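Only one chain is given next, in structure tokens, and it is the form deposited in one PDB entry.
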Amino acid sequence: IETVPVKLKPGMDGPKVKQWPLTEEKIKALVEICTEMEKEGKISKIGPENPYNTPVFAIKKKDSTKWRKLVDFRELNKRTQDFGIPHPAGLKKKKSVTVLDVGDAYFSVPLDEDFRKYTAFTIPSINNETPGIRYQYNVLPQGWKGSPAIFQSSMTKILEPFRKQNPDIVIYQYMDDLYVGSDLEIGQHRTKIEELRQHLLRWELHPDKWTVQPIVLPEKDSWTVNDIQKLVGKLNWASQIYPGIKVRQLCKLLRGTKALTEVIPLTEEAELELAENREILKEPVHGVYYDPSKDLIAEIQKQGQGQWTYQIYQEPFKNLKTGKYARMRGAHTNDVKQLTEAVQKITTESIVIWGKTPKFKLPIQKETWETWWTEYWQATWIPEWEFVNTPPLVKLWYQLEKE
């Protein structure tokens, strides 16, 4: 099989990202994994004249004893020429969607001779009592943007029979993944999947449920100066989203220097105002649409007690989607573990709906994140991310979301 000429974007030089320290347990695994890939001719050791580098590490998603190798090509991907995969809006509209890792399909296609060097990666060594073990690819590498694109013709060809046999099922491909969606009953759905698996072996999401939860202001028997002050703080800020939100009559019940604990009887005006504000918050703000030409942003706030809120958007205050995530069983004492599952969860939803990953604003310190995230990562892909300082009010606001 031939090799299509692949190139870096005009003016882009290859990646030179440094390898982050790996634990001995992980190094041993990549060594084994890599030795075997070398034998199968998939990768080759390289010389010192190759200055490029991409980080690599090892994960474990489904299987237990087994280790998987995950290479972080985000940078090379950003510098790789453009081509792709068509996104079907019907995907999100399916009762059930299952993800399948078709990363191995690429080990069959050779990678352009001259582009290989840009795939250089390094297995680190403990205490540096050894030089790193350098390699580059000979075949399409997993996680690389150009892989699914080049193996595009071969994916439609092998998928067509199943798509023809079942024109009521939608199949979407992003990176190494294949998102398969249908409406069939659970059992019939899963049984229908293996049909695809078996087909593939020869070469559990539910979007409809995904609610768009609203904000719910507190309702109380009696209101204290403090209560009003707090409702007003949130309302005010929230008016950045909804301009019909007002706090005039409420703010008036604050005129005076009363004890923070004193009960204030709501006037009828403050009541209507509260009533008008509640109606307004019964639905998402009108006019927010998805714009393909812009980047999707995912912001996450640590609510506490294992709770997290997020908002996907492209323009500030114009949320395409908002939601909440409650730490899964067992992450009780690990913030970093809850945060990584949320990112994976938010990224997967994002892929399903718009076919692209969002850029995250993570409420965690860079050092904290980079030191441990791979310990819990399980996806074949990796989103972009920056670290931020959660504004006190944004958290207070979305904490109000309805349950």
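Just count from 1 along the sequence shown to find any residue number.
Omission of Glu49 is seen in none of the other entries compared for this protein where the adjacent residues are built, far below a third. Looking at the other PDB entries for this protein, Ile158 is present in the model in all of those that include the residues around it, rather than absent from a third. According to the entry, the deposited sequence places 4 to 9 unmodelled residues between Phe83 and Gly84. The segment from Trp203 to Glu204 is interrupted, since 10 or more residues of the deposited sequence in that interval carry no coordinates. The deposited model assigns a higher average Cα B-factor to 61-69 than to the other stretch when 61-69 and 334-342 are compared. Looking at mean Cα B-factors across 384-392 and 12-20, the upper value is held by 384-392. For the set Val212, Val247, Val288, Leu111, the maximum C-alpha B-factor listed in the entry falls on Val212.
Within the listed group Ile300, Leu76, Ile280, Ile169, the record reports its top CA B-factor for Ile169. Compared with the other modelled residues of the chain, the Cα B-factor recorded for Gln142 ranks in the lowest third. The PDB entry assigns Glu160 a C-alpha temperature factor belonging to the highest third of its chain's modelled residues. Annotation for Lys321: C-alpha temperature factor in the lowest third relative to the rest of the modelled chain, per the entry. Residue-level temperature factors show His199 in the middle third of its chain, judged at the C-alpha atom. When all modelled residues of the chain are sorted by CA temperature factor, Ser293 is found within the highest third.
The form deposited in another entry is left out here; the points below concern that form.
Neither of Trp369 and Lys246 shares a rigid part with the other in the motion between this form and the one not shown, based on the superposition that better accommodates each C-alpha.
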